[PDB]
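Coming up, as structure tokens: structure 1 and structure 2, two forms of one and the same protein chain.
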Structure 1
């Protein structure tokens, strides 16, 4: 009993099993949903999330880590409903997802006050329940490391030092944000092995990805199916390359699938190859078979999906 689970007793990290480290049951903008509930259907969202999780479990997924936090519409009671319907081990997190500035609430507030919110969710529970957070999620993207983005990073480091939960990040693979997150966190005393630098699979710049892995953090090849960021074939070649080059013990793989997401849909792009179905199981249908074909053995798969998450949460 060391990793808290939604709707269940906590488990030992050694028992996490086959894990999807970055998937979302549901994402929404809190303010839009509060103000215009007519745009949403929680029953449909629930059905969709339950079906996705069930499909993941039939491929052998034991645990799903869901980094939906403030800014992405975290709802612990929705998450509980999915657990009740499926029996999945679900790890919820705390944190703040922003690209530029914090909400107005945080005007005249300290990094310590921010960290206290995270620690509340880890030690006391999330949204008035006894379901506790098992990691912290932070973000940076195109705007880079702004002052408020940096405040949140520093607050995450405080929470990690106090509670030992790991940190998952969102970064932009093309502007060094991930490298900066890793640097700031490690400067503040976070173990590099307690950090997953996200969305590195969005680039085929292997020198950049290795640089981060070499500094001791997990690398998030974590958006399989999101072709608009990087097509599955190029992701697969990069993943294969990294495996070939000895990086299995730093690689984490996921889809960043949002079973439902409320953002406007971007212009389709059509390529010669039929578009992969983005879902929580695309890796079982495409990536893993591809790897196996190219001689990747079962031990690599176990390393990426079992041993790495076990270490991350240890």
Structure 2
């Protein structure tokens, strides 16, 4: 009715239920998998995603929002198979994930041409299917807001204005890329309440995080388990502080888990050190119980995982 779902009829935002706002079923580099397929195994990848999703559902997760887009190996037909096997509500997205420059395809191409690609995914469908994009994903990281990064941001604003789908971002918590994404998007006419600034939970700099929330956007405390960015304990402490300071209606929580990911950083012998407890269920095992025994009312849990995602997609 409003939010398109992979392999399902669209639904009203009020029916989204308990939601994980940022989780990846599978991530890979398009060019590498295309050039060297021997490196990948789809059977395992599907099995890994299906199993992970089933664990999440057993904890009550009703909807998963998967911001895998161009540059992370979005594959709508893979996503269909996971839904087919699990029955999860899956929201797919459109957009471009870059840190520095766009692919050469985009040389001498306008921001409008880029926005047109996103709009195609939202109105027509993804990768030749009738599965439609429910949001736009954009990124910026250590390199900052480069020329191409900015062009992609402004294209996302155009797509939002045309289709009203919200925007999810990837940012670096330590260099103000998040605040800049927000500024540019809102200058382009995007409603601040239609923006989730991502990976802000990677820092304990509470003052910076509040600055984005005060400007009306959702803040992504969304990498629970990725200790190399910030340990779980510190994340919980920051989350609790924000809630106590009255920021629960701006907070969104997730793991940014990748059921399978091809980056060398994700090698098995690195897990114990970088992300020992990383998964899509960590928050049920740690974060939520922690909050409840620290004076946080159930109503606040309901706000973060149900109400906020609802408003976001409304």
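Shifts are known only where both forms have a C-alpha. Residue numbers count along the first chain shown, from 1. Between two forms, the rigid core is the largest collection of C-alphas that superpose within 1.5 Å.
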Structure 1 or structure 2: which matches the form whose entry title says "closed form"? 2
Taking only shifts of 2 Å or more in Cα after a rigid core superposition between structure 1 and structure 2, tell me which of 268, 60, 37, 246 qualifies. 268
What is the C-alpha shift for residue 297 between structure 1 and structure 2, rigid core superposed, to one decimal in Å? 1.0
After a core superposition, which runs of 3 or more consecutive residues shift by at least 2 Å in C-alpha position between structure 1 and structure 2? 265 to 276
